[PDB]
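Okay, here we've got a single chain as structure tokens, the form deposited in one PDB entry, with questions on binding and movement later.
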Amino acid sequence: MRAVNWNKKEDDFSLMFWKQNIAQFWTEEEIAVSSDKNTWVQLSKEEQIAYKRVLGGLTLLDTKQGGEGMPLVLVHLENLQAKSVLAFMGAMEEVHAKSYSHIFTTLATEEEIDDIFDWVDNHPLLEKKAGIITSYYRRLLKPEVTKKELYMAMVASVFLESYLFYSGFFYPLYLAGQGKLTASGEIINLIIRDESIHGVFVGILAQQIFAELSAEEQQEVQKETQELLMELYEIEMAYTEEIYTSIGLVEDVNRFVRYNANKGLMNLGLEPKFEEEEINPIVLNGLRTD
């Protein structure tokens, strides 16, 4: 049985991601939110509800990715250095989830927070969305898994990392880019650079597996990947309608979802599927805090 030996590299990129996770972890433990109360009380009821709800959605996706997607992906990799990178990425999804709790606590009473968690738990569209992605992970709960199964879990995982989070990421960036709730925005910004490197690393792992599939196996997972992408898109358009119509931002969000979907595909080595458009400039300004 093999022990991880860092003195003989198993690939060319694992060590850099190892280091990089640790350096981002470190920047995340410096300052936090409270100053936000001033702008939080200036938002309408509908805005505060959208925010709480998206953050609820983010926390659900972080929970599933730390508690399921990273562990089940890593438990089958034969490359022990990459497996260590993932264990650490997996833990970082838990740190992010805990950050969302911290933001919640500085913005709502324990009773409101609790209602938001009840809501996320019982919300059919989030169940469905989380349910589709995690069905790729659950398929790995067995002693031996095919390359195809494992490739599809990695595609699912990058669609989560680089694409599904962005329908909720939109709002805090959009507000912060207007100088509202910018301390919470700074936390999200940090979380977003973790998630971007997670989606790059898993997408490298994916492309290695894909290179070992037969031509027939490649055509099959390419089909499933395009299906999964658009099945998710269609769920996202519906989710976007539920959360944002009250505040008039539905087509802004939808366009940001396309923009990120195309980044996720590119993490996988794939061509973009949505028409290419500039990033929302107010969101860009939110990314440009500190």
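Just so we're on the same page, rigid core means the largest C-alpha set that superposes within 1.5 Å between forms. The numbering used is simple: start at 1 and walk along the sequence shown.
A summary of the deposited B-factors shows that, of 105-113 and 155-163, the stretch with the larger mean C-alpha value is 105-113.
Across the two stretches, 177-185 and 197-205, the PDB entry reports the greater mean Cα temperature factor for 177-185. Annotation for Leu141, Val120, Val95, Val85: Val120 ranks highest, by Cα B-factor.
Between the residues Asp62, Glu241, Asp252, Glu224, it is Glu241 that shows the highest Cα B-factor in the PDB record. When all modelled residues of the chain are sorted by CA temperature factor, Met70 is found within the middle third. In the deposited entry, the Cα temperature factor of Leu43 places it in the highest third of its chain's modelled residues. When the modelled residues of the chain are ordered by their C-alpha B factor, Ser214 lands in the highest third. For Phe25, the recorded CA temperature factor ranks within the highest third of the chain's modelled residues. Sorting the modelled residues of the chain by their CA temperature factor places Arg258 in the lowest third.
The protein also exists as the form deposited in another entry; that form is not presented, and the subsequent description refers to it.
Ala32 is the only residue from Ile49, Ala32, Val250, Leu229 whose Cα shifts by 2 Å or more between the shown form and the other one, the rigid core being superposed. Inter-residue distance, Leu268 to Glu28 (Cα): increased by at least 3 Å in the other entry versus the depicted form. Look at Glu28 and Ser196: in the other entry their Cα atoms move 3 Å or more farther apart than in this form.
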